[PDB]
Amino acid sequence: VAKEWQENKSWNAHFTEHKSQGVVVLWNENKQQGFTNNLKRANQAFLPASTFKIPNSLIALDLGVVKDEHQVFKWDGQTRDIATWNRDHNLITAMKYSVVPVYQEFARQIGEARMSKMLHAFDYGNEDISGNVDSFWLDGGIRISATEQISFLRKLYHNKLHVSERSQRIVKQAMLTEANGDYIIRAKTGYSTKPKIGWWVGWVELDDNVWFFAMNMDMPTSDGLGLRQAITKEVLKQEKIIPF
């Protein structure tokens, strides 16, 4: 039988080396094959936390809540603990600094009915927006698995989500994280305080292939936040997707 998914338990070493637990899921676009260290956890659904900024951006652009990637969302003047939030932002910087209050305001403008309809249209996780319209992805009913993140991301990559191509192109620009002569990573981090879960989801663009990834890990302290990228990169390195 064609096994979409194969388990590679050797990747567990990358988690246990940091006394961590989690899952990395990879999808080889050319081969239409997925790999994970934990088939069960790969399919376990969690709060998306700030990974939700990807669908939230798309919806805000498609409904004209956000005009383009340069439109300024002025700071509301409330000083928050995260200094980078206490300034004006555009979509690019709001994504970069994971500026929750900008995205809360987008959610409020989108509203419950349109948010719910659009997540249904995206086939996004459990499509459930129960809770506050401006925090359901942090403390409400929405749940998504790593494999479901990859499904969603693959649609975004191919401009196949049910929003404009322009909206998808802008969000992909906003997701740009790293680029050099060897690869491009477009991705988004996420951190949920209850339960304590860290995410990193996105993809690695190579000359002749794209590798989608979605990882989550238990995140008891904020001290391990850098492990999201580090563990993922160790797997990408082991699989010769990116160089050492």
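Just count from 1 along the sequence shown to find any residue number.
Enquirer: As stated in the PDB record, which stretch has the larger average Cα B-factor, 59 to 67 or 194 to 202?
Expert: Higher mean C-alpha B-factor in the PDB entry: 194 to 202.
Enquirer: Where do the C-alpha atoms have the higher mean temperature factor in this entry, in 224 to 232 or in 13 to 21?
Expert: Mean B over CA atoms: larger for 13 to 21.
Enquirer: Among 215, 54, 219, 185, where is the Cα B factor highest in this entry?
Expert: If I rank 215, 54, 219, 185 by C-alpha B-factor, first place goes to 219.
Enquirer: Which listed residue, 162, 166, 154, 172, has the largest C-alpha temperature factor in the record?
Expert: Comparing C-alpha B-factors across 162, 166, 154, 172, the maximum falls on 162.
Enquirer: Just say lowest, middle or highest third for the CA B-factor of residue 34 relative to the other modelled residues in its chain.
Expert: CA B-factor rank for residue 34: highest third.
Enquirer: By its CA B factor, does residue 178 count among the lowest, middle or highest third of the modelled residues in the chain?
Expert: Tercile = lowest for this residue's CA B-factor.
Enquirer: Would the CA B-factor of residue 150 place it in the lowest, middle or highest third of its chain?
Expert: Answer is middle: the recorded C-alpha B-factor places it there.
Enquirer: Compared with the other modelled residues in the chain, in which third is the CA B-factor of residue 82?
Expert: It belongs to the highest third of the chain when residues are ordered by C-alpha B-factor.
Enquirer: Compared with the other modelled residues in the chain, in which third is the CA B-factor of residue 92?
Expert: Ranked within chain, residue 92 CA B lands in the lowest tercile.
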